[PDB]
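As structure tokens, the structure follows; a few thoughts come after it.
Every number here is computed from the coordinates shown, using simple stated rules; none is lab data. Reconstructed Cβ throughout: ideal geometry from the backbone, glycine too, with neighbour counts over all protein chains shown.
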Amino acid sequence: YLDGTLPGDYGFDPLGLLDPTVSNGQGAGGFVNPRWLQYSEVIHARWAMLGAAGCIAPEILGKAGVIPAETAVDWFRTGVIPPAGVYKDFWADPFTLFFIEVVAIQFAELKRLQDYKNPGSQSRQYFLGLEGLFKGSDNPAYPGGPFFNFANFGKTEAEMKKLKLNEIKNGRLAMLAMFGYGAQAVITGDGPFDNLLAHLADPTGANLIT
Amino acid sequence: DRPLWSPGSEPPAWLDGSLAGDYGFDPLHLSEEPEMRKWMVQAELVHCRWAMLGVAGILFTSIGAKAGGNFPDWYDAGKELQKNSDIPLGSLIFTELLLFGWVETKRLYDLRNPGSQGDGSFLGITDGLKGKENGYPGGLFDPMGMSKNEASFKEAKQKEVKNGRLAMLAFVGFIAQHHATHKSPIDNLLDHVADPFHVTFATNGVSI
Amino acid sequence: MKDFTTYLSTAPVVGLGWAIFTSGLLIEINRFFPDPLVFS
Amino acid sequence: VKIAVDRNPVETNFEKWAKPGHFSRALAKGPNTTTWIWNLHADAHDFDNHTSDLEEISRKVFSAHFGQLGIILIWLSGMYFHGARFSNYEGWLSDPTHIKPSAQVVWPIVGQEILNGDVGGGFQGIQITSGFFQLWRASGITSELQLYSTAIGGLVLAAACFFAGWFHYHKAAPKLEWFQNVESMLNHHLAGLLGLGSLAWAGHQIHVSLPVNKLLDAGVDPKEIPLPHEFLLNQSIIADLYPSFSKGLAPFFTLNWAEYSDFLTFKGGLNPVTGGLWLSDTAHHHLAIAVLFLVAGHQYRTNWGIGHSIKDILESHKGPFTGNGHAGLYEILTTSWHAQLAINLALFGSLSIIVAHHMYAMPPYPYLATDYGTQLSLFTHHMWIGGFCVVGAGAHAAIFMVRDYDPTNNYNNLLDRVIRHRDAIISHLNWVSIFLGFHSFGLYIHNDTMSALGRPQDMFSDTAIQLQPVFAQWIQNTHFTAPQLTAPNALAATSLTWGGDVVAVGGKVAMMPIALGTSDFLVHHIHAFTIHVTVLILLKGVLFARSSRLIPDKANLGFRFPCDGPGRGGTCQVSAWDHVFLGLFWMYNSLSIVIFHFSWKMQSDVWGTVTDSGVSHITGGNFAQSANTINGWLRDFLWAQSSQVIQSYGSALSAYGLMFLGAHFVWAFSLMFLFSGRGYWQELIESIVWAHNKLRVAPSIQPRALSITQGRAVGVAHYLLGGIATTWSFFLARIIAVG
Ligand code: CLA
Ligand code: CLA
Ligand code: CLA
Ligand code: CLA
Ligand SMILES: CCCCCCCCCCCCCCCC(=O)OC[C@H](COP(=O)(O)OC[C@@H](O)CO)OC(=O)CCCCCCCCCCCCCCC
């Protein structure tokens, strides 16, 4: 059933979770279906594309002389998992920031979900004049618009398909990387860049086998 | 055709939009029947109007206490004012329960039967004391002619409800950030304005 | 809601409300004016 | 093999809540008699009778099972919560021997408060006998905050369970194909649930249950203990306790596992301090068990195409004497739920009976053997649960023969050949029951008659015509002398019941060798007599459910019917349902004896306070001499141990004295239902309806007497409840007031 029309189709579905036989009826139903799984693949990817860039950027810039070493700290010692460590000097405590985090994100998430449940619904109701930017599109993952694609890149359809899968190939790689950051940190107890600096120095001596 | 509490949600069938402060908010399917809907709009307004009347009493005293006047906290105010009063407790309660049973009962029978109290039995009053709508009387409770115009009466109903929902949320606030800080509401305000980043609900020692 | 109120009007549910009333009333009548035997 | 779901089959609304009886065609009409009410609560969960569709029956079952889990998880979270806020766990943890557990504080109303006994630890409440305190100590639990979180987790997971049942039924419900993927279910249930489940537990025991109970047993105060999470973070702390933790997984991946000998052990026996199993041994057990179930889960060929096929395995084990054997069973099991339920209940009940024997001799959780009320309550519970479950197999197997039995699939099969020599089964089994009851129970009467006549030399006893169980005695020594020869690396034996020395804890013995004699020979046989008969009643009902010589057509009458008629001399209680109704009384009688045996034996020969000069048992070791006579079981067990219950008025055990009487009332009350019949009652109601009619106060729902089948069910229910609740009062009051 994998025709290959999709961007990131390379014929790898051993378990058969994307088949159209499952969820035969019509309705909302369950999460496992082509409409939701395709949507969650890029969401995981984009969030991970941001995370893997940010988990290693302060450490790299810290080894370099640009950023102060006080701020340059391992991604797991910056406030998440306070047993690991906690940055004392922010402009507010973590829990105050979490209520900021939750609120400002709840808006963005719920609104996106509402868009998935009923397309174009968020433009119809007044939202502080920002309704023109949320018109959406046929597909729930690639809305586009005056903001999300403010610089219209793929005016041609063929150029979009090339970008639509470069978003995935560069993205599915990042998801693996963050899975490496978590596993590296537990065993090594050090940042991801310092672990790289060791394998380049003593590869045979610094390794998972060790 | 109008705003809603969650954009994109289909509003219920029974909430047409004529009522004041209608945003299609009833997931429990309450007020689905006409008779219960006729009862709840009157329950919402009294819970509102008592909130406005009460919360203003708390701000007036808590501000007068912060300025220097002799006013106590809204909490533990009935305990310190009864210690030194000529009116015992029990004579003050059943002066309130007995006097409200008159009003609260007359309001009930206007609900069950509109226009019933305007018969002229009570001291020969007929044109007043008959309801204009369910929870919106007039004549005597509207001395100023601020309701003899449907254009300016329909939006005033929207302001009575919007400043009311907000008001009875505030009373829940006073309960909550009293139990945490055991201070007045105004004192909690000046602290947040003094050091907004540091003094929040996270740093009160409670709720964590 | 018409069907919910009808479910609440069944026998198992109305009896549950009766039991909480009669038992709640008697236990409350023993908590205050404790352990009565003779009626004044 | 693949996933298959049908979207939004059923709408969710309260419309059918208002219309009871919707599931059945007969009940949807409405009530004109009061019999409609009893039929409603009865046929509610009989999904096979509602509809013929096997798919809908599967959707209903898979979603109802999600309910029992949510019902369990709030119950389980309640114990954790009630143990956190209304208990003495922190006090008991610091002085376990002297302080008693208490998780049920009572309110202050008329009377009542006296039940809040002086438990100890600055606390007063009801003394529990569930063993939760020893369970929470076997794991790393020192504070009440760990119990609160554990409770909030259950409510969260329980709502998820309940949500799942609505989701898996009302929104996205699987298809019949998803349910028949039986091979897939076995691999996931074996490897995933039992395998990883046990491997996970090992992790917790290794990182929390071992680093905490080592300090607690060394006298350290609980508040000074380092918290369960800190041990994971610091590899230096746990290394001080177990130095093997300093090497860190290199021994594992290099296959040098001898380094982990510090915490992975084969000690055997019991801890001298706690009177419980070595916690290091259990981590080794559950670790071992995971590797065993993991390989088992890679057996069936679900979708990869490599492995065994259940059908090919069944239709290949054939024999001459059997003919066509095991052939048409894969079609049965994949089509009828009652077949699987009967098989599952038989092993799920016989397992809880194994849990009861393998816990008392091998006390796993610490400070359990010294809490005799706890050790006696767990045994009596898991044993009763086994009897019910076993009897359910005989009921839920007869339903298969009546409803889900197609003779076309079964020709010269194992199931067909069993029916064709059924009269040989029941006949040969009838002879055994008569053989046992004479040679076993008749021995008891011989001892009674000999004693009353003044001929005690002629009794069956130790000082007498001894009948000693040589086979058991030989097995005790073999398992006792095993560490020398058959299990050299074993430091000691599995339990001290086989042989050895006493293990004393807090001045009380946890376990000591049990000696078997002439009395233990009669009782062990008495049990077989009660088991062979209980099988005769159920097995007879199964085979003769579909047809008999008296009634060649029972299957058309159905599973439960009272009687065909007063003809043939009488046909009342001929159905398979009425065989289950009879097996319950026997099953209850058999289980009760297996409980008296545990109480008098362990009180007299095992339990007691250890002094400088030996042990002083509770009943002075009277099981050997008195048990041989029936009057001994009346004098030394009943007329003696009933003193603590009777004299409970005016103390915290007063509730047991009431339940002791209340249980007798409900037991007798059942006799009205079993002895009489629905004819006398229906006529009496007519004379009552006249008075209610005379005053124009009469029900439109006509009153009708209870149905014959219901009358019998109502009897055995009030009968078992009163028979079982008496012991529940006669035991806990006896044992809590020790001796
Ligand atoms: C693209 C991702 C990525 C990258 C670039 C690295 C790179 C590195 N890792 Mg790392 N790691 C990763 C993923 C990654 N890892 C993942 C996913 C895990 C969890 C399994 C780990 C767990 C891990 C540990 C525990 C350690 C490292 C270490 C290291 C460093 C030395 C190499 C070594 O000895 O480990 C090689 C270890 C491996 C597990 C290599 C195989 C991982 C492959 C490349 C990615 C996964 C393939 C994927 C699962 C295939 C798809 C199948 C799936 C659909 C079923 C090096 C900088 C070591 C270190 O700190 O350096 C001193 C160290 O101790 N890693
Ligand atoms: C403990 C055993 C027991 C008990 C309690 C009873 C009780 C009763 N029998 Mg009876 N009976 C029994 C054994 C018993 N029988 C046996 C072994 C036989 C021979 C098989 C008979 C044969 C028999 C016959 C032929 C008749 C009776 C009748 C009666 C009733 C007579 C009227 C009366 O006394 O008012 C009531 C007496 C009471 C003790 C009240 C019982 C209920 C109490 C008050 C509990 C209250 C409920 C409480 C709230 C708990 C409810 C909770 C629960 C529902 C969850 C009576 C209720 C006669 C009858 O029909 O009455 C008109 C009648 O004709 N019996
Ligand atoms: C959840 C489990 C459950 C349980 C334990 C019961 C139990 C009962 N139901 Mg039932 N019910 C249930 C679920 C349940 N139901 C469900 C799911 C439905 C579908 C909506 C119904 C619908 C239903 C109907 C339509 C009826 C019952 C009736 C009854 C009662 C039988 C009549 C009787 O014997 O007393 C006989 C009573 C007298 C002779 C005189 C009246 C005095 C009574 C005893 C006082 C009231 C007792 C009170 C209800 C007890 C509290 C509830 C208790 C379970 C804790 C009985 C107590 C019948 C009833 O009338 O209820 C009382 C009845 O008509 N139920
Ligand atoms: C209404 C039924 C019922 C009830 C009310 C109880 C009540 C109780 N049980 Mg029990 N249990 C039952 C049925 C029941 N059980 C059955 C049928 C079995 C046979 C498997 C068991 C096996 C069992 C064991 C082994 C233990 C209890 C224990 C307890 C007591 C502590 C409660 C607890 O949370 O411990 C929680 C129990 C554990 C943390 C350990 C459970 C270990 C078992 C072996 C897990 C097996 C689960 C497995 C997946 C299901 C069987 C697989 C299948 C192939 C057979 C408590 C008094 C414990 C106790 O003695 O209290 C001190 C105890 O160790 N139960
Ligand atoms: C617990 C001790 C119980 C022993 C006494 C019970 C005796 C009553 C059983 C008599 C039925 C005789 C008819 C056989 C029925 C029959 O003819 O079936 C035929 C069967 C041979 O089968 P085939 O090899 O031809 O076919 C097998 C295939 O059909 C597989 O499905 O016989 C046996 O299996 C031997 C059974 C001996 C049964 C007695 C032993 C049962 C207890 C198990 C332990 C025994 C050893 C204990 C010592 C430690």
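Scanning chain A for chymotrypsin sites (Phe, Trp or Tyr not before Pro) in DSSP loops with at most 16 neighbouring Cβ atoms within 10 Å leaves A:154-210 as the longest stretch between them. Measuring between their Cα centroids, segment D:619-664 and segment D:673-739 lie 28 Å from each other.
Here is the P(r) of segment D:557-624: all C-alpha pair distances, binned every 5 Å from 0, give 3, 15, 13, 11, 9, 8, 7, 6, 6, 7, 6, 4, 3, 1, 0 in whole percents. Could you run the Debye sum over the Cα atoms of segment D:245-297, one equal point scatterer each and no solvent, and tell me log10 of I(q)/I(0) at q = 0.14 Å⁻¹, two decimals? Here log10 of I(q) over I(0) equals -0.48. Computed from the C-beta positions of residue D:44 and residue B:102, the FRET efficiency with R₀ = 41 Å rounds to 0.20. With θ taken as phi - 60° and the Karplus curve 6.51 cos²θ - 1.76 cosθ + 1.60 applied, the whole-hertz 3J(HN,Hα) list for segment B:156-165 is 5, 4, 6, 7, 4, 8, 6, 6, x, 3 Hz, x standing for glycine and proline. For chain C, the 222 nm mean residue ellipticity estimated from helices alone, with every DSSP H stretch of n ≥ 4 adding -39500 (n - 2.57) and the total spread over all residues, rounds to -22500 deg cm²/dmol. Other residues lying with their Cβ under 15 Å from the Cβ of residue A:132 contribute a combined charge of +1, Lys and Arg counting +1, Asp and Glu -1. Annotation: amide H-H contacts under 5 Å for residue D:505 (H modelled 1.01 Å from N, sequence separation of 5 or more, or interchain): D:510. State whether segment D:395-523 is rounded, prolate or oblate according to the following rule on the C-alpha gyration tensor (a ≥ b ≥ c being the square roots of its eigenvalues): a/c under 1.5 gives rounded; otherwise a/b larger than b/c gives prolate, and the remaining case gives oblate. The shape class here is oblate. Inter-chain neighbour count for A:91-99: the average number of beta-carbon atoms from partner chains within 10 Å of each residue's beta-carbon is 4.
For segment A:34-201, the normalised intensity computed at q = 0.15 Å⁻¹ comes to -1.07 (log10 of I(q)/I(0), Debye sum over alpha carbons, equal scatterers, no solvent). Along the charge dipole of segment A:34-201, Cβ charges K/R +1 and D/E -1, which of A:56, A:36, A:156 sits furthest on the positive end? Towards the positive end, the residue furthest out is A:156. Semi-axes of the equivalent ellipsoid of chain C are 34, 8, 6 Å, computed as sqrt(5λ) over the eigenvalues of the C-alpha gyration tensor in descending order.
Remark: relative contact order (segment A:34-201) = 26 percent; criterion is Cα-Cα distance under 8 angstrom and separation of 6 or more residues. The relative contact order of segment D:61-131, computed from alpha carbon pairs under 8 Å that lie at least 6 residues apart in sequence, is 24 percent. For segment D:554-613, what relative contact order do you get, as a whole percent, if you take Cα pairs closer than 8 Å and at least 6 residues apart? 21 percent. Taking amide H as placed 1.01 Å from N in the peptide plane, residue D:125 has its amide H under 5 Å from the amide H of D:117, D:119, each at least 5 places away in sequence or on another chain.
3J(HN,Hα) couplings calculated from phi for segment B:166-173 with the Karplus curve 6.51 cos²θ - 1.76 cosθ + 1.60 (θ = phi - 60°) are, in sequence order, 4, 6, 7, 6, 5, 5, 5, x Hz; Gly and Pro show x. Straight-line reach from residue A:164: taking Cα to Cα under 26 Å and skipping same-chain neighbours fewer than 8 places apart, the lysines in range are A:111, A:117, A:135, A:155.
Secondary-structure-derived ellipticity at 222 nm for chain D, considering helices only, amounts to -16500 deg cm²/dmol, per-run term -39500 (n - 2.57) for DSSP H runs with n ≥ 4.
Ranked by the mean number of other Cβ atoms within 10 Å of their residues, highest first, the peptides D:490-503, D:450-463 come out as D:490-503, D:450-463. Counting Cβ atoms of other protein chains within 10 Å of each residue's Cβ and taking the mean over peptide B:2-12 gives 4. For the protein assembly as shown, the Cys residues with no second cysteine's beta carbon closer than 4.7 Å are A:55, B:48, D:161, D:389.
Tell me, which longest segment in chain D has none of the trypsin sites (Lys or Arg not before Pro) that fall in DSSP loops with at most 13 further Cβ atoms within 10 Å? In chain D, the maximal stretch lacking such sites is D:30-317.
Across segment D:570-580, rounded Karplus estimates of 3J(HN,Hα) from the backbone phi angles (6.51 cos²θ - 1.76 cosθ + 1.60, θ = phi - 60°) give x, 10, 8, 6, 9, 5, 7, 4, 6, 6, 5 Hz, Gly and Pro being marked x. Database remark: amide H of residue D:608 closer than 5 angstrom to the amide H of D:509 (H placed geometrically; neighbours at sequence offset of 5 or more, or on other chains; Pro and chain starts carry no H).
Partner shielding of D:4-15 amounts to 5, given as the average count of beta-carbon atoms from other chains within 10 Å of each residue beta-carbon.
Per the Debye calculation on segment D:86-242 with a single equal scatterer at every Cα and no solvent contribution, log₁₀ I(q)/I(0) for q = 0.20 Å⁻¹ amounts to -1.27. If the segment from residue D:348 to residue D:156 were pulled out straight at 0.36 nm per residue, it would be longer than the present Cα-Cα gap by 66.3 nm.
Legend: P(r) of chain D from all alpha carbon pair distances, 20 Å bins from 0, whole percents, reading 12, 41, 39, 8, 0.
Each principal axis of the Cα cloud of segment D:440-492 was evaluated for its coordinate range; sorted largest first, these ranges are 56, 20, 13 Å.
The spread of Cα positions in the protein assembly as shown, taken along each principal axis and listed from longest to shortest, comes to 113, 103, 75 Å. For segment D:605-723, the direction-averaged projected area of the alpha-carbon convex hull comes to 13.3 nm². Extension gain, residue B:87 to residue B:144, is 16.9 nm, computed as 0.36 nm per intervening residue step minus the present C-alpha separation.
Is the shape of chain B best called rounded, prolate or oblate, per the rule: a/c under 1.5 gives rounded, else a/b larger than b/c gives prolate, else oblate, with a ≥ b ≥ c the square roots of the Cα gyration tensor eigenvalues? It is oblate, given that a/c is not under 1.5 and a/b is not larger than b/c.
Dividing the helix sum by the residues of chain A, where each DSSP H run of 4 or more adds -39500 (n - 2.57), gives a mean residue ellipticity at 222 nm of -16500 deg cm²/dmol.
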